file work-v1.pdb (PDB, C-alpha atoms and all ligand atoms)
ATOM      1  CA  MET A   1      22.865  47.234 -28.841
ATOM      2  CA  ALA A   2      21.456  46.653 -25.349
ATOM      3  CA  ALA A   3      23.473  44.184 -23.291
ATOM      4  CA  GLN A   4      21.873  40.820 -22.601
ATOM      5  CA  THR A   5      20.652  40.778 -18.956
ATOM      6  CA  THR A   6      21.976  37.805 -17.021
ATOM      7  CA  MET A   7      20.278  36.431 -13.919
ATOM      8  CA  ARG A   8      21.076  33.486 -11.669
ATOM      9  CA  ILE A   9      18.889  30.642 -10.423
ATOM     10  CA  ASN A  10      19.892  27.852  -8.038
ATOM     11  CA  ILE A  11      18.748  24.610  -6.456
ATOM     12  CA  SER A  12      19.939  22.398  -3.614
ATOM     13  CA  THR A  13      19.976  19.235  -5.755
ATOM     14  CA  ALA A  14      22.046  17.936  -8.668
ATOM     15  CA  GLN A  15      21.930  19.110 -12.258
ATOM     16  CA  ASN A  16      21.098  15.469 -13.055
ATOM     17  CA  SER A  17      17.811  15.470 -11.142
ATOM     18  CA  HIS A  18      14.199  16.465 -11.467
ATOM     19  CA  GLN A  19      15.067  19.969 -10.210
ATOM     20  CA  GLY A  20      18.073  20.315 -12.490
ATOM     21  CA  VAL A  21      15.749  19.545 -15.379
ATOM     22  CA  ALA A  22      13.381  22.181 -14.045
ATOM     23  CA  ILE A  23      15.891  25.007 -13.941
ATOM     24  CA  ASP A  24      17.793  24.045 -17.079
ATOM     25  CA  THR A  25      14.511  23.944 -19.003
ATOM     26  CA  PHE A  26      13.468  27.266 -17.501
ATOM     27  CA  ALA A  27      16.774  28.874 -18.475
ATOM     28  CA  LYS A  28      16.585  27.573 -22.043
ATOM     29  CA  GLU A  29      12.988  28.777 -22.399
ATOM     30  CA  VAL A  30      13.667  32.246 -20.993
ATOM     31  CA  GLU A  31      16.432  32.802 -23.516
ATOM     32  CA  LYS A  32      14.264  31.529 -26.380
ATOM     33  CA  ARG A  33      11.078  33.381 -25.409
ATOM     34  CA  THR A  34      12.829  36.715 -24.828
ATOM     35  CA  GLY A  35      14.636  36.701 -28.165
ATOM     36  CA  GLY A  36      17.924  36.303 -26.311
ATOM     37  CA  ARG A  37      17.471  39.499 -24.294
ATOM     38  CA  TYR A  38      17.529  37.589 -20.981
ATOM     39  CA  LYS A  39      19.820  34.733 -19.970
ATOM     40  CA  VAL A  40      19.673  32.653 -16.813
ATOM     41  CA  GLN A  41      22.778  31.022 -15.345
ATOM     42  CA  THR A  42      22.065  27.827 -13.422
ATOM     43  CA  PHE A  43      23.655  26.702 -10.119
ATOM     44  CA  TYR A  44      23.304  23.328  -8.438
ATOM     45  CA  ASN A  45      23.974  21.440  -5.213
ATOM     46  CA  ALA A  46      23.282  24.505  -3.050
ATOM     47  CA  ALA A  47      25.741  26.789  -4.744
ATOM     48  CA  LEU A  48      24.463  30.274  -3.756
ATOM     49  CA  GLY A  49      22.815  28.625  -0.738
ATOM     50  CA  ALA A  50      20.489  25.807   0.277
ATOM     51  CA  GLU A  51      16.749  26.394   0.115
ATOM     52  CA  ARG A  52      15.929  28.617   3.114
ATOM     53  CA  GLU A  53      18.975  30.813   2.516
ATOM     54  CA  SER A  54      18.117  31.012  -1.190
ATOM     55  CA  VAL A  55      14.488  31.997  -0.660
ATOM     56  CA  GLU A  56      15.742  34.683   1.729
ATOM     57  CA  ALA A  57      18.329  35.768  -0.861
ATOM     58  CA  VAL A  58      15.696  36.110  -3.580
ATOM     59  CA  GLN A  59      13.531  38.119  -1.192
ATOM     60  CA  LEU A  60      16.534  40.380  -0.421
ATOM     61  CA  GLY A  61      17.455  40.535  -4.098
ATOM     62  CA  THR A  62      21.029  39.279  -3.696
ATOM     63  CA  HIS A  63      20.260  36.904  -6.531
ATOM     64  CA  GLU A  64      17.234  36.939  -8.759
ATOM     65  CA  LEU A  65      15.651  33.483  -8.813
ATOM     66  CA  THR A  66      15.502  30.200  -6.996
ATOM     67  CA  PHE A  67      13.700  26.886  -7.376
ATOM     68  CA  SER A  68      12.732  25.437  -4.010
ATOM     69  CA  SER A  69      10.502  22.824  -2.493
ATOM     70  CA  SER A  70       7.720  24.100  -0.284
ATOM     71  CA  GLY A  71       9.779  22.989   2.712
ATOM     72  CA  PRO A  72      11.176  26.262   4.041
ATOM     73  CA  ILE A  73       8.430  28.428   2.557
ATOM     74  CA  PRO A  74       6.094  28.831   5.577
ATOM     75  CA  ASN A  75       8.668  31.021   7.282
ATOM     76  CA  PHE A  76       8.183  33.490   4.411
ATOM     77  CA  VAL A  77       4.632  32.817   3.163
ATOM     78  CA  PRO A  78       2.473  31.165   5.829
ATOM     79  CA  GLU A  79      -0.419  30.296   3.522
ATOM     80  CA  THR A  80       1.343  27.344   1.882
ATOM     81  CA  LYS A  81       1.318  25.237   5.092
ATOM     82  CA  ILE A  82      -1.842  23.359   4.105
ATOM     83  CA  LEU A  83       0.005  21.727   1.191
ATOM     84  CA  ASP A  84       2.431  20.063   3.600
ATOM     85  CA  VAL A  85      -0.259  18.157   5.528
ATOM     86  CA  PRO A  86       0.348  14.384   5.515
ATOM     87  CA  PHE A  87      -1.801  12.193   3.283
ATOM     88  CA  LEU A  88      -3.775  15.157   1.898
ATOM     89  CA  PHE A  89      -3.086  14.319  -1.758
ATOM     90  CA  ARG A  90      -4.100  10.927  -3.171
ATOM     91  CA  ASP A  91      -1.528  10.759  -5.961
ATOM     92  CA  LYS A  92       0.609  13.012  -8.154
ATOM     93  CA  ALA A  93      -2.202  13.638 -10.640
ATOM     94  CA  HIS A  94      -4.418  14.964  -7.808
ATOM     95  CA  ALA A  95      -1.684  17.177  -6.441
ATOM     96  CA  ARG A  96      -0.666  18.576  -9.806
ATOM     97  CA  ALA A  97      -4.275  19.317 -10.748
ATOM     98  CA  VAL A  98      -4.843  21.150  -7.446
ATOM     99  CA  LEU A  99      -1.714  23.214  -7.844
ATOM    100  CA  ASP A 100      -2.295  24.121 -11.499
ATOM    101  CA  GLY A 101      -5.965  24.974 -11.017
ATOM    102  CA  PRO A 102      -7.609  27.759  -9.026
ATOM    103  CA  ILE A 103      -6.625  26.459  -5.591
ATOM    104  CA  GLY A 104      -2.921  26.583  -6.482
ATOM    105  CA  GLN A 105      -3.402  29.826  -8.396
ATOM    106  CA  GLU A 106      -4.786  31.458  -5.236
ATOM    107  CA  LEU A 107      -1.748  30.297  -3.273
ATOM    108  CA  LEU A 108       0.610  31.891  -5.830
ATOM    109  CA  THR A 109      -1.041  35.240  -5.084
ATOM    110  CA  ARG A 110       0.057  35.011  -1.442
ATOM    111  CA  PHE A 111       3.698  35.481  -2.465
ATOM    112  CA  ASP A 112       3.126  38.987  -3.866
ATOM    113  CA  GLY A 113       2.847  40.708  -0.480
ATOM    114  CA  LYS A 114       6.007  38.969   0.719
ATOM    115  CA  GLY A 115       8.273  40.281  -2.022
ATOM    116  CA  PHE A 116       8.222  37.459  -4.574
ATOM    117  CA  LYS A 117       6.716  36.670  -7.894
ATOM    118  CA  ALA A 118       5.897  32.963  -7.692
ATOM    119  CA  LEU A 119       6.125  32.145 -11.366
ATOM    120  CA  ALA A 120       4.732  28.605 -11.245
ATOM    121  CA  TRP A 121       4.171  25.533  -9.124
ATOM    122  CA  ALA A 122       6.361  22.575  -9.935
ATOM    123  CA  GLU A 123       7.173  19.313  -8.140
ATOM    124  CA  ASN A 124       9.563  17.741  -5.712
ATOM    125  CA  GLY A 125       7.427  14.598  -5.193
ATOM    126  CA  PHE A 126       5.924  12.319  -2.545
ATOM    127  CA  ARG A 127       8.379  11.939   0.344
ATOM    128  CA  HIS A 128       9.487   8.582   1.778
ATOM    129  CA  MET A 129      11.246   7.580   5.025
ATOM    130  CA  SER A 130      14.820   6.216   4.886
ATOM    131  CA  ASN A 131      17.103   5.280   7.741
ATOM    132  CA  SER A 132      20.200   3.390   8.858
ATOM    133  CA  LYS A 133      18.772   1.604  11.893
ATOM    134  CA  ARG A 134      15.914  -0.737  10.884
ATOM    135  CA  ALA A 135      13.344  -1.608   8.275
ATOM    136  CA  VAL A 136      10.110   0.337   8.652
ATOM    137  CA  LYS A 137       7.056  -1.836   8.000
ATOM    138  CA  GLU A 138       4.523  -0.195  10.358
ATOM    139  CA  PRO A 139       4.190   3.270  11.864
ATOM    140  CA  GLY A 140       5.374   1.965  15.241
ATOM    141  CA  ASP A 141       8.762   1.224  13.691
ATOM    142  CA  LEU A 142       9.342   4.973  13.316
ATOM    143  CA  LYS A 143       9.179   5.602  17.064
ATOM    144  CA  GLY A 144      12.499   6.815  18.425
ATOM    145  CA  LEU A 145      14.224   7.277  15.071
ATOM    146  CA  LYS A 146      16.364  10.384  14.859
ATOM    147  CA  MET A 147      15.365  11.936  11.560
ATOM    148  CA  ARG A 148      16.452  15.034   9.722
ATOM    149  CA  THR A 149      13.559  17.177   8.550
ATOM    150  CA  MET A 150      13.209  20.258   6.437
ATOM    151  CA  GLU A 151      12.716  23.626   8.127
ATOM    152  CA  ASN A 152       8.935  23.188   7.994
ATOM    153  CA  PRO A 153       6.605  23.345  11.023
ATOM    154  CA  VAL A 154       3.911  21.076   9.545
ATOM    155  CA  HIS A 155       6.380  18.294   8.814
ATOM    156  CA  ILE A 156       8.025  18.636  12.207
ATOM    157  CA  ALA A 157       4.667  18.393  14.015
ATOM    158  CA  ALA A 158       3.577  15.462  11.864
ATOM    159  CA  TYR A 159       6.763  13.477  12.367
ATOM    160  CA  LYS A 160       6.730  14.054  16.111
ATOM    161  CA  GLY A 161       3.304  12.386  15.798
ATOM    162  CA  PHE A 162       5.076   9.177  14.708
ATOM    163  CA  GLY A 163       7.408   9.441  17.712
ATOM    164  CA  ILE A 164      10.309  10.583  15.548
ATOM    165  CA  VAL A 165      12.992  12.758  17.140
ATOM    166  CA  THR A 166      13.271  15.585  14.630
ATOM    167  CA  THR A 167      16.301  17.644  13.584
ATOM    168  CA  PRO A 168      15.615  20.350  11.034
ATOM    169  CA  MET A 169      18.625  20.887   8.734
ATOM    170  CA  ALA A 170      19.420  22.629   5.454
ATOM    171  CA  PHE A 171      19.787  20.064   2.688
ATOM    172  CA  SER A 172      23.440  20.848   2.064
ATOM    173  CA  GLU A 173      24.223  19.197   5.439
ATOM    174  CA  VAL A 174      22.247  16.011   4.974
ATOM    175  CA  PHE A 175      24.534  13.587   3.134
ATOM    176  CA  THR A 176      27.293  14.205   5.652
ATOM    177  CA  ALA A 177      24.922  13.955   8.642
ATOM    178  CA  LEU A 178      23.647  10.612   7.384
ATOM    179  CA  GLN A 179      27.185   9.389   6.701
ATOM    180  CA  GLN A 180      28.322  10.376  10.215
ATOM    181  CA  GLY A 181      25.232   8.924  11.880
ATOM    182  CA  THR A 182      24.260  12.193  13.530
ATOM    183  CA  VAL A 183      20.719  11.252  12.542
ATOM    184  CA  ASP A 184      19.440   7.793  11.685
ATOM    185  CA  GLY A 185      17.556   8.964   8.626
ATOM    186  CA  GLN A 186      15.659  11.480   6.568
ATOM    187  CA  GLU A 187      12.718  11.646   4.192
ATOM    188  CA  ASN A 188      12.526  12.719   0.576
ATOM    189  CA  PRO A 189      11.117  11.719  -2.804
ATOM    190  CA  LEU A 190      12.733   9.011  -4.870
ATOM    191  CA  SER A 191      13.956  11.740  -7.215
ATOM    192  CA  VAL A 192      16.113  13.097  -4.373
ATOM    193  CA  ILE A 193      17.143   9.800  -2.795
ATOM    194  CA  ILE A 194      18.406   8.531  -6.137
ATOM    195  CA  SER A 195      20.116  11.715  -7.335
ATOM    196  CA  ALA A 196      21.735  12.409  -3.946
ATOM    197  CA  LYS A 197      22.954   8.784  -3.766
ATOM    198  CA  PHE A 198      21.458   8.251  -0.335
ATOM    199  CA  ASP A 199      21.712   4.509  -0.946
ATOM    200  CA  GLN A 200      25.365   5.001   0.009
ATOM    201  CA  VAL A 201      24.460   6.223   3.506
ATOM    202  CA  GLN A 202      21.033   4.623   4.136
ATOM    203  CA  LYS A 203      20.330   0.907   4.300
ATOM    204  CA  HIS A 204      16.545   1.148   4.588
ATOM    205  CA  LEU A 205      13.771   2.844   2.653
ATOM    206  CA  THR A 206       9.989   2.556   2.948
ATOM    207  CA  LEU A 207       7.610   4.061   0.429
ATOM    208  CA  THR A 208       5.498   5.800   3.043
ATOM    209  CA  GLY A 209       4.564   8.594   0.621
ATOM    210  CA  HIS A 210       3.569  10.473   3.749
ATOM    211  CA  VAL A 211       3.492  14.018   2.359
ATOM    212  CA  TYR A 212       3.467  15.578  -1.089
ATOM    213  CA  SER A 213       6.293  18.054  -1.655
ATOM    214  CA  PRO A 214       5.489  20.808  -4.167
ATOM    215  CA  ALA A 215       8.177  23.052  -5.561
ATOM    216  CA  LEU A 216       8.189  26.648  -6.855
ATOM    217  CA  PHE A 217       9.979  28.948  -9.246
ATOM    218  CA  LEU A 218      10.493  32.174  -7.247
ATOM    219  CA  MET A 219      11.681  35.547  -8.502
ATOM    220  CA  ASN A 220      12.446  38.773  -6.680
ATOM    221  CA  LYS A 221       9.269  40.830  -7.013
ATOM    222  CA  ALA A 222      10.818  44.209  -7.717
ATOM    223  CA  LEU A 223      12.963  42.679 -10.450
ATOM    224  CA  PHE A 224      10.036  40.842 -12.027
ATOM    225  CA  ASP A 225       7.867  43.956 -11.936
ATOM    226  CA  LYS A 226      10.517  45.922 -13.853
ATOM    227  CA  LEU A 227      10.498  43.475 -16.769
ATOM    228  CA  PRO A 228       8.488  44.648 -19.771
ATOM    229  CA  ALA A 229       5.039  43.022 -19.826
ATOM    230  CA  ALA A 230       5.895  40.633 -22.655
ATOM    231  CA  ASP A 231       9.000  39.496 -20.798
ATOM    232  CA  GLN A 232       7.029  38.956 -17.590
ATOM    233  CA  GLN A 233       4.829  36.617 -19.622
ATOM    234  CA  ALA A 234       7.907  34.898 -21.079
ATOM    235  CA  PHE A 235       9.303  34.231 -17.581
ATOM    236  CA  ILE A 236       5.983  32.793 -16.386
ATOM    237  CA  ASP A 237       5.636  30.621 -19.481
ATOM    238  CA  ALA A 238       9.241  29.426 -19.148
ATOM    239  CA  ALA A 239       8.555  28.409 -15.545
ATOM    240  CA  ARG A 240       5.454  26.483 -16.583
ATOM    241  CA  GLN A 241       7.457  24.648 -19.222
ATOM    242  CA  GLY A 242      10.140  23.908 -16.631
ATOM    243  CA  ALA A 243       7.426  22.452 -14.407
ATOM    244  CA  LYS A 244       6.246  20.187 -17.233
ATOM    245  CA  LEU A 245       9.670  18.648 -17.825
ATOM    246  CA  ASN A 246      10.334  18.494 -14.066
ATOM    247  CA  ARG A 247       7.166  16.493 -13.501
ATOM    248  CA  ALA A 248       8.039  14.128 -16.356
ATOM    249  CA  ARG A 249      11.394  13.413 -14.703
ATOM    250  CA  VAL A 250       9.669  12.770 -11.359
ATOM    251  CA  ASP A 251       7.437  10.256 -13.144
ATOM    252  CA  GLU A 252      10.485   8.493 -14.574
ATOM    253  CA  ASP A 253      12.282   8.466 -11.227
ATOM    254  CA  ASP A 254       9.248   7.066  -9.424
ATOM    255  CA  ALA A 255       8.771   4.304 -12.027
ATOM    256  CA  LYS A 256      12.376   3.070 -11.846
ATOM    257  CA  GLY A 257      13.308   3.952  -8.313
ATOM    258  CA  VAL A 258      12.545   0.792  -6.349
ATOM    259  CA  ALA A 259      14.481  -1.395  -8.809
ATOM    260  CA  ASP A 260      17.310   1.143  -9.027
ATOM    261  CA  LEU A 261      17.774   1.424  -5.261
ATOM    262  CA  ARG A 262      17.461  -2.319  -4.623
ATOM    263  CA  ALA A 263      20.214  -2.903  -7.179
ATOM    264  CA  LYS A 264      22.329  -0.384  -5.233
ATOM    265  CA  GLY A 265      21.872  -2.478  -2.114
ATOM    266  CA  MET A 266      19.042  -0.778  -0.249
ATOM    267  CA  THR A 267      16.315  -2.755   1.461
ATOM    268  CA  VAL A 268      13.195  -1.106   0.041
ATOM    269  CA  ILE A 269       9.833  -1.779   1.658
ATOM    270  CA  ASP A 270       7.198  -1.091  -0.988
ATOM    271  CA  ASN A 271       4.409  -3.170   0.554
ATOM    272  CA  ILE A 272       2.875  -1.287   3.477
ATOM    273  CA  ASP A 273      -0.657  -0.543   4.642
ATOM    274  CA  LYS A 274      -0.754   3.235   4.321
ATOM    275  CA  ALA A 275      -4.055   3.426   6.130
ATOM    276  CA  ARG A 276      -2.262   2.410   9.326
ATOM    277  CA  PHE A 277       0.163   5.322   8.956
ATOM    278  CA  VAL A 278      -2.794   7.692   8.524
ATOM    279  CA  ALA A 279      -4.422   6.268  11.621
ATOM    280  CA  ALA A 280      -1.215   6.747  13.656
ATOM    281  CA  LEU A 281      -1.303  10.466  12.863
ATOM    282  CA  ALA A 282      -4.941  10.972  13.977
ATOM    283  CA  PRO A 283      -4.126  13.265  16.914
ATOM    284  CA  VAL A 284      -1.896  15.501  14.821
ATOM    285  CA  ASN A 285      -4.387  15.509  11.959
ATOM    286  CA  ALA A 286      -7.076  16.709  14.369
ATOM    287  CA  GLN A 287      -4.765  19.635  15.110
ATOM    288  CA  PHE A 288      -4.280  20.326  11.398
ATOM    289  CA  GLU A 289      -8.070  20.353  10.929
ATOM    290  CA  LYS A 290      -8.377  22.994  13.641
ATOM    291  CA  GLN A 291      -5.526  24.948  12.070
ATOM    292  CA  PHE A 292      -6.643  24.946   8.434
ATOM    293  CA  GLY A 293     -10.350  24.263   8.756
ATOM    294  CA  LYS A 294     -12.436  21.546   7.174
ATOM    295  CA  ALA A 295     -13.503  23.902   4.403
ATOM    296  CA  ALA A 296      -9.996  24.337   3.011
ATOM    297  CA  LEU A 297      -8.959  20.701   3.517
ATOM    298  CA  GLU A 298     -12.154  19.369   1.924
ATOM    299  CA  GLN A 299     -11.788  21.837  -0.949
ATOM    300  CA  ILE A 300      -8.462  20.148  -1.785
ATOM    301  CA  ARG A 301      -9.779  16.606  -1.181
ATOM    302  CA  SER A 302     -12.806  17.258  -3.369
ATOM    303  CA  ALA A 303     -10.590  18.113  -6.334
ATOM    304  CA  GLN A 304     -11.117  15.628  -9.099
TER     305      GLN A 304
HETATM  306  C1  LIG B   1      16.135  17.889  -1.368
HETATM  307  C2  LIG B   1      15.306  19.134  -1.301
HETATM  308  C3  LIG B   1      16.218  20.311  -1.079
HETATM  309  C4  LIG B   1      14.637  19.297  -2.647
HETATM  310  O1  LIG B   1      13.724  20.345  -2.738
HETATM  311  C5  LIG B   1      14.272  19.031  -0.202
HETATM  312  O2  LIG B   1      13.370  17.998  -0.481
HETATM  313  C6  LIG B   1      14.872  18.805   1.144
HETATM  314  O3  LIG B   1      15.425  19.754   1.790
HETATM  315  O4  LIG B   1      14.810  17.659   1.659
END
call {"tool": "encode", "arguments": {"input": "work-v1.pdb", "output": "structure tokens", "more": "lines below"}}
Ligand SMILES: CC(C)(CO)[C@@H](O)C(=O)[O-]
result
Amino acid sequence: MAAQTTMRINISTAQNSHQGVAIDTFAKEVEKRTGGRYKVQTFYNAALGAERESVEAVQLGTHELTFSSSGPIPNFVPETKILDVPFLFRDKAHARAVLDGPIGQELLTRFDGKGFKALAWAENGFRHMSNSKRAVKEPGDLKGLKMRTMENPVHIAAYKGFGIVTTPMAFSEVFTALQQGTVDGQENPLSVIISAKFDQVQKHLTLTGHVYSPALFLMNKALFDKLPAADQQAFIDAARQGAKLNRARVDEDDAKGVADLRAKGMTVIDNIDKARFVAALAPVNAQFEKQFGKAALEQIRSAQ
């Protein structure tokens, strides 16, 4: 009898997180939907690499699958940059609808020519600013903060627009950098801040919600293409189910997160005027309009 094929998938976050739910659900569904013919071993906390290294590894084929935020993706697939524009998405429902519908479907196609099968869009969440130095109540309070960023050119340009001094770093370095005070802060969804225990190394958090962070199930293209057609469908369907449970965990994290982090001693600013943060980014946003075009930005904004 043919040997079960085993593949590996990893993330940079904890098993007990929104992304751990994503990959564990995916793995369970692949095994079920392929009648046990495929099995997926799951790795966490940047085992097998943090996100950029892992996306590269999947492209090379050194392991088969990864689940990553959109953060490091533009280096590989430039077309996703528009998703990383600050304040583009009104809320999670808007973002999820865009990604699941034809706009997001078109973006999945852009991975094919770069050596991936992008199985499905999933979610990291809306990102929020934390730091060790001071409470952030207005955009001016961000000026001069030394902040870690992802390896993403849109985020870096945007945050420089707030006067932040940016340091791109792989996620596997971040807890220690915060602890050592190399940087004052970072930015991430509540799902990450909670699961990574950043309350232990960050006194301040503001719910700026300044960008939406999608995530992706990625597979090596050559490997995906060699699967029998029915198993290709099983992998896609498993990824979509992983996205569903992932998003549900994000919802739970976002609902409980302010109370959870306050109880852990963080000062959490959840009353800001977001419109002032948008206004502060006007010059950078004018650049993004020139870069992406009004047509593409309005196409996303129009979405229901
Ligand atoms: C935590 C993370 C790896 C999750 O995708 C990402 O948001 C990041 O690098 O900050």
call {"tool": "closest_residue", "arguments": {"input": "work-v1.pdb", "among": "A:223, A:170, A:238, A:194", "to": "residue 257 of chain A", "atoms": "all atoms listed in the file"}}
result
A:194
call {"tool": "atom_distance", "arguments": {"input": "work-v1.pdb", "atom1": "atom CA of residue 45 of chain A", "atom2": "atom CA of residue 11 of chain A"}}
result
6.2 Å
call {"tool": "residues_near_ligand", "arguments": {"input": "work-v1.pdb", "ligand": "ligand LIG 1 (chain B)", "cutoff": "7 Å", "atoms": "only C-alpha atoms and all ligand atoms", "output": "PDB file with C-alpha atoms, in the frame of the given file"}}
result
ATOM      1  CA  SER A  12      19.939  22.398  -3.614  1.00  0.00           C
ATOM      2  CA  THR A  13      19.976  19.235  -5.755  1.00  0.00           C
ATOM      3  CA  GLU A  51      16.749  26.394   0.115  1.00  0.00           C
ATOM      4  CA  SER A  68      12.732  25.437  -4.010  1.00  0.00           C
ATOM      5  CA  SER A  69      10.502  22.824  -2.493  1.00  0.00           C
ATOM      6  CA  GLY A  71       9.779  22.989   2.712  1.00  0.00           C
ATOM      7  CA  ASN A 124       9.563  17.741  -5.712  1.00  0.00           C
ATOM      8  CA  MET A 150      13.209  20.258   6.437  1.00  0.00           C
ATOM      9  CA  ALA A 170      19.420  22.629   5.454  1.00  0.00           C
ATOM     10  CA  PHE A 171      19.787  20.064   2.688  1.00  0.00           C
ATOM     11  CA  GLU A 187      12.718  11.646   4.192  1.00  0.00           C
ATOM     12  CA  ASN A 188      12.526  12.719   0.576  1.00  0.00           C
ATOM     13  CA  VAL A 192      16.113  13.097  -4.373  1.00  0.00           C
ATOM     14  CA  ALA A 215       8.177  23.052  -5.561  1.00  0.00           C
TER      15      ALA A 215
END
call {"tool": "closest_residue", "arguments": {"input": "work-v1.pdb", "among": "A:139, A:153, A:160, A:179", "to": "residue 276 of chain A", "atoms": "only C-alpha atoms"}}
result
A:139
call {"tool": "resolve_selection", "arguments": {"input": "work-v1.pdb", "expression": "the PyMOL selection byres (((chain A and resi 248) around 12) and not hetatm)", "output": "PyMOL selection string"}}
result
chain A and resi 17-19+21-22+92-93+96+122-125+191+241-247+249-255
call {"tool": "residues_around", "arguments": {"input": "work-v1.pdb", "residues": "segment 102-104 of chain A", "least_positions_apart": "5", "cutoff": "10 Å", "atoms": "all atoms listed in the file", "output": "PyMOL selection string"}}
result
chain A and resi 80+83+95-97+109+120-121+296+299-300+303
call {"tool": "resolve_selection", "arguments": {"input": "work-v1.pdb", "expression": "the PyMOL selection byres (((chain A and resi 118) around 6) and not hetatm)", "output": "MDAnalysis selection string"}}
result
chainID A and resid 108 116:117 119:120 217:218
call {"tool": "atom_distance", "arguments": {"input": "work-v1.pdb", "atom1": "atom CA of residue 200 of chain A", "atom2": "atom CA of residue 132 of chain A"}}
result
10.4 Å
call {"tool": "closest_residue", "arguments": {"input": "work-v1.pdb", "among": "A:126, A:148, A:264, A:78", "to": "residue 207 of chain A", "atoms": "all atoms listed in the file"}}
result
A:126
call {"tool": "closest_residue", "arguments": {"input": "work-v1.pdb", "among": "A:88, A:263, A:205, A:219", "to": "residue 137 of chain A", "atoms": "all atoms listed in the file"}}
result
A:205
call {"tool": "residues_around", "arguments": {"input": "work-v1.pdb", "residues": "residue 267 of chain A", "least_positions_apart": "4", "cutoff": "8 Å", "atoms": "all atoms listed in the file", "output": "list in words"}}
result
residues 135, 203, 204, 205 and 262 of chain A
call {"tool": "resolve_selection", "arguments": {"input": "work-v1.pdb", "expression": "the PyMOL selection byres (((chain A and resi 157-159) around 12) and not hetatm)", "output": "PyMOL selection string"}}
result
chain A and resi 81+84-87+128-129+139-140+142-156+160-168+186-187+210-211+277-278+280-288
call {"tool": "closest_residue", "arguments": {"input": "work-v1.pdb", "among": "A:34, A:169, A:290, A:46", "to": "residue 229 of chain A", "atoms": "all atoms listed in the file"}}
result
A:34
call {"tool": "residues_near_point", "arguments": {"input": "work-v1.pdb", "point": "(8.0, -0.3, 0.4)", "cutoff": "6 Å", "atoms": "only C-alpha atoms", "output": "NGL selection string"}}
result
:A and (206-207 or 268-271)
call {"tool": "atom_distance", "arguments": {"input": "work-v1.pdb", "atom1": "atom CA of residue 38 of chain A", "atom2": "atom CA of residue 99 of chain A"}}
result
27.4 Å
call {"tool": "closest_residue", "arguments": {"input": "work-v1.pdb", "among": "A:23, A:190, A:1, A:30", "to": "residue 232 of chain A", "atoms": "all atoms listed in the file"}}
result
A:30
call {"tool": "residues_around", "arguments": {"input": "work-v1.pdb", "residues": "residue 59 of chain A", "least_positions_apart": "2", "cutoff": "7 Å", "atoms": "only C-alpha atoms", "output": "ChimeraX atom specification"}}
result
/A:55-57,61,115-116,220
